[PDB]
Each structure stands twice: as structure tokens, then as C-alpha cells.
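Scroll down for the structure; my scribbles are underneath it.
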Amino acid sequence: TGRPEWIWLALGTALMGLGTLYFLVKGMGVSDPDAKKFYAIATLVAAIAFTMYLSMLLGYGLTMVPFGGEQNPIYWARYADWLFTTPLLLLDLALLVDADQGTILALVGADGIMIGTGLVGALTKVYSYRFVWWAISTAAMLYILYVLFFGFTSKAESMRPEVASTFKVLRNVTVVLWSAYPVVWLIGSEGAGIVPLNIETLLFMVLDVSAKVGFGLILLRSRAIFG
Ligand SMILES: *C/C=C(C)/C=C/C=C(C)/C=C/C1=C(C)CCCC1(C)C
Ligand SMILES: CCCCCCCCCCCC
């Protein structure tokens with residue numbers, strides 16, 4: 001098939017198979033348990049992205065959805081990816097500031113809504129409805145960013161300065177990265193079609209890798225992961 005965006009997928013596969021491995025060996029070296037599970041979580045988060053990017057590299061998780069008179073190419077392997085990785089990364093932040101069970105259930109439940117409506121909206125055939133789904137989804141995301149920015153950050157201050165200090169950085173990678181996502185969906189292949197597909201995969205690879213591997217390196221690298 002040799003699609004123009006395969007380059008960026010072959011590239012995604014490589015940066016995540018490589019991140020997954022670095023995490024995995026470093027993780028099996030640690031003896032602390034509190035810190036030990038920040039390592040399993042990251043080995044798993046990179047690993048899921050990895051089988052997905054590669055599988056896509058290989059022509060799976062791609063489907064043609066009709067709308068706007070075209071036969072639009074929708075990569076759904078992305079939502080299977082995000083479905084499991086986004087709630088776990090939120091789990092990374094919740095363990096860190098000692099979240100309640102209630103707040104974690106809520107962040108996860110809303111996260112399920114983000115991706116579920118994201119996917120539905122990306123498989124819709126009526127052009128204006130795609131955008132109703134994109135919108136309930138984004139609203140879910142703003143909600144999660146709200147909690148994190150207002151709730152978690154009130155609570156990262158019951159921690160040590162090294163923990164709040166670390167939470168502020170990861171919290172800042174999240175807010176910046178997670179919010180570009182709805183803007184890319186919408187100007188590219190799933191939304192307006194302004195940005196062609198090789199450039200979309202290229203921007204989703206950079207947010208993905210930044211957000212999983214850039215995130216893991218910063219987290220696993222801090223003193224705060226030792227309870
Ligand atoms: C490793 C992947 C990460 C951190 C993915 C984050 C993904 C999002 C914040 C996705 C958001 C979306 C919307 C706000 C609306 C339209 C559809 C989505 C699912 C692309
Ligand atoms: C828990 C929230 C479930 C929300 C389902 C909303 C469906 C809205 C459909 C609007 C179609 C025009």
C-alpha cells in the first residue's frame with residue numbers, strides 16, 4: 001500500500017518499542033514497590049502504543065468512513081490505543097498526589113467518555129454530527145483538565161516539595177499536550193480536512209511520544225516515585 005504517512009508510523013513504532021524496552025530493564029532493577037509500579041505502568045503504557053502503532057504501520061486499524069462526499073480514511077487503532085493509555089497516565093498523576101478512590105473513578109469514567117465519543121464521532125456519516133460527538137468529547141477533556149488543574153494541584157501541596165514540584169511539570173506536559181489533540185482532530189482527516197493525513201499522523205506521533213515517553217522519562221526520573 002505504501003501510504004505517505006507510514007514513515008511517521010514506522011517512526012512511532014521505533015520510538016515506543018525503544019522506550020518500552022528502556023523502561024522495562026530500568027523497571028526490573030528497582031527494589032522500591034511504590035516506585036516499582038510507576039515502572040510497570042510506564043512499561044505497559046509504551047507497550048500498548050507500540051503494538052498499535054506497528055499494527056497500523058502494517059495496515060490494520062484503518063477504515064474508510066463516508067462523509068462530505070468522500071471515502072475518508074479513519075485510523076481507529078488510535079482509539080483502542082488511547083482507551084487504555086490515557087486513564088493509566090491519569091492513574092500516574094493520581095497515585096502521585098494521593099488521590100481518593102472517588103476522584104480516580106471520576107477521572108477514568110470521564111476518560112472513557114472522552115474516547116468513546118471521540119471514536120463514535122469519528123465513525124459518524126452525517127457530517128455535522130461528527131462535530132457534535134467531537135464536542136461532548138472535548139467537554140469531557142476540559143473537565144479532566146479542570147480536575148487536574150484545580151483539584152489535584154490543591155492536593156499536590158499536601159506532599160513534599162519534590163512531589164508537588166514533580167507534579168507541576170507532568171501536570172504541565174498534560175495540559176499543553178492533551179489540549180492540542182482536539183485541535184488536530186478537527187483541522188485534519190476526521191474533521192475539516194484542511195491538514196492532510198501524512199501531516200496528521202506526524203502531529204499525532206509527536207504528541208503521543210511526547211506524552212508517553214517524554215512523560216515517562218520525567219516521571220520515572222524523579223525522587224518522588226519512592227514512597
Ligand atoms: C498517549 C495518548 C494520549 C496522552 C492521548 C490523549 C488524547 C486526547 C487528549 C484526545 C482527545 C480527543 C478529543 C478532545 C476530541 C476528539 C477526539 C479525541 C479522542 C482525538
Ligand atoms: C454519560 C453520558 C452519555 C451521553 C450520551 C449523549 C448522546 C448525545 C447524542 C446527541 C445526538 C445528536
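Chains: A, B, ... in order of the C-alpha cells. Residues: from 1 per chain. Ligands: from 1, in order shown.
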
Q.
I want to know what sits within 9 Å of residue 164 in chain A, based on only C-alpha atoms, with residues of the same chain fewer than 6 positions away left out; could you give that as a PyMOL selection string?
A. chain A and resi 96-97+153+155-158+224

Could you turn the residues from that selection into a file that holds N, CA, C and O atoms, as a short mmCIF file (atom, residue, chain, number, x, y, z; two decimals), in the first residue's frame?
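result_4.cif, freshly written:
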data_model
loop_
_atom_site.label_atom_id
_atom_site.label_comp_id
_atom_site.auth_asym_id
_atom_site.auth_seq_id
_atom_site.Cartn_x
_atom_site.Cartn_y
_atom_site.Cartn_z
N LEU A 96 0.43 9.81 42.57
CA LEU A 96 1.37 10.87 42.92
C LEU A 96 0.94 11.94 43.92
O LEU A 96 1.77 12.48 44.66
N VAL A 97 -0.34 12.29 43.94
CA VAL A 97 -0.78 13.30 44.86
C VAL A 97 -1.76 12.71 45.86
O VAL A 97 -2.44 13.42 46.60
N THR A 153 -3.97 19.83 41.99
CA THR A 153 -2.98 20.82 42.36
C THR A 153 -3.25 21.48 43.71
O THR A 153 -2.39 22.18 44.23
N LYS A 155 -4.27 19.52 46.02
CA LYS A 155 -3.77 18.36 46.72
C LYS A 155 -2.33 17.89 46.54
O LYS A 155 -1.89 17.00 47.27
N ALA A 156 -1.60 18.45 45.59
CA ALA A 156 -0.21 18.06 45.40
C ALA A 156 0.57 18.84 46.44
O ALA A 156 1.76 18.60 46.66
N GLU A 157 -0.11 19.78 47.09
CA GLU A 157 0.57 20.57 48.09
C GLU A 157 0.51 19.97 49.50
O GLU A 157 0.95 20.59 50.46
N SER A 158 -0.04 18.76 49.62
CA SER A 158 -0.06 18.10 50.91
C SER A 158 1.14 17.16 50.83
O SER A 158 1.38 16.36 51.74
N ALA A 224 10.36 11.65 43.66
CA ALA A 224 9.01 11.46 44.18
C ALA A 224 8.36 10.09 44.00
O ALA A 224 7.36 9.83 44.65
#

Q: Residues within 8 Å of ligand 1 should be enumerated using only C-alpha atoms and all ligand atoms and returned as number ranges by chain.
A: A: 45, 49, 79, 81-82, 85-86, 89, 114-119, 121-122, 133-142, 174, 177-186, 207-209, 211-212

Could you give me, as CSV, every chain A residue with an atom at most 7 Å from ligand 2, plus its closest atom pair and distance in Å to one decimal, counting only C-alpha atoms and all ligand atoms, rows ordered by chain then number?
residue,atom,partner,partner_atom_place_in_ligand_line,distance
A:113,CA,ligand 2,1 (C),6.9
A:129,CA,ligand 2,12 (C),6.5
A:132,CA,ligand 2,12 (C),6.6

Env of residue 73 in chain A: 9 Å cut, atoms = only C-alpha atoms, seq-sep filter 4 positions within chain, self excluded. Answer as a compact mmCIF listing (two decimals) with N, CA, C and O atoms, in the first residue's frame.
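For reference, selection-v1.txt as written:
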# COMPACT_ATOMS: atom_id res chain seq x y z
N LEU A 62 -7.42 0.63 10.26
CA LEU A 62 -7.70 1.69 9.29
C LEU A 62 -8.98 1.34 8.56
O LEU A 62 -9.16 0.23 8.08
N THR A 63 -9.88 2.31 8.47
CA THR A 63 -11.14 2.08 7.83
C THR A 63 -11.57 3.33 7.08
O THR A 63 -11.10 4.44 7.37
N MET A 64 -12.43 3.14 6.07
CA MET A 64 -12.92 4.24 5.24
C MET A 64 -14.32 4.62 5.68
O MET A 64 -15.23 3.80 5.61
N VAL A 65 -14.49 5.85 6.15
CA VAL A 65 -15.81 6.31 6.57
C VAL A 65 -16.28 7.32 5.54
O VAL A 65 -15.54 8.22 5.15
N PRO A 66 -17.53 7.17 5.07
CA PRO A 66 -18.05 8.11 4.08
C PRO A 66 -18.71 9.34 4.68
O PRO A 66 -19.54 9.24 5.57
N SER A 189 -7.99 15.02 8.88
CA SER A 189 -8.86 14.00 8.27
C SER A 189 -10.20 13.60 8.91
O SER A 189 -11.14 13.21 8.20
N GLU A 190 -10.30 13.67 10.24
CA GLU A 190 -11.55 13.30 10.90
C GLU A 190 -12.53 14.45 10.96
O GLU A 190 -13.73 14.23 11.07
N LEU A 197 -3.48 13.85 5.70
CA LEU A 197 -3.17 12.72 6.55
C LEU A 197 -1.73 12.42 6.96
O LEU A 197 -1.53 11.92 8.07

Show me, as a Markdown table, the residues of range 33-141 of chain A having an atom within 12 Å of range 213-217 of chain A, each with the closest atom pair and its distance in Å, using only C-alpha atoms.
| residue | atom | partner | partner_atom | distance |
| --- | --- | --- | --- | --- |
| A:38 | CA | A:216 | CA | 8.7 |
| A:39 | CA | A:216 | CA | 8.5 |
| A:40 | CA | A:216 | CA | 10.8 |
| A:41 | CA | A:216 | CA | 9.2 |
| A:42 | CA | A:216 | CA | 6.1 |
| A:43 | CA | A:216 | CA | 8.9 |
| A:44 | CA | A:216 | CA | 10.9 |
| A:45 | CA | A:213 | CA | 8.9 |
| A:46 | CA | A:213 | CA | 7.0 |
| A:47 | CA | A:213 | CA | 10.6 |
| A:49 | CA | A:213 | CA | 10.3 |
| A:50 | CA | A:213 | CA | 11.2 |
| A:85 | CA | A:213 | CA | 11.8 |
| A:86 | CA | A:215 | CA | 12.0 |
| A:88 | CA | A:216 | CA | 11.8 |
| A:89 | CA | A:215 | CA | 8.9 |
| A:90 | CA | A:215 | CA | 11.5 |
| A:92 | CA | A:216 | CA | 9.5 |
| A:93 | CA | A:215 | CA | 10.8 |

Q: Per DSSP on the backbone, filter range 3-224 of chain A down to the residues in helix (DSSP H, G or I) and report them as a VMD selection string.
A: chain A and resid 6 to 27 34 to 57 77 to 96 101 to 123 127 to 158 161 to 187 197 to 220 223 to 224

Q: Apply DSSP to the structure's backbone, then extract all residues of range 28-180 of chain A labelled strand (DSSP E or B) and return them as a PyMOL selection string.
A: chain A and resi 62-67+70-75

Q. With only C-alpha atoms as the basis for distance, which of A:87, A:59, A:227, A:17 is at the shortest distance from residue 32 in chain A?
A.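 Among A:87, A:59, A:227, A:17, it is A:227 that comes nearest to residue 32 in chain A.
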
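Taking CA of residue 150 in chain A and CA of residue 110 in chain A as the two end points, the separation is 16.1 Å.
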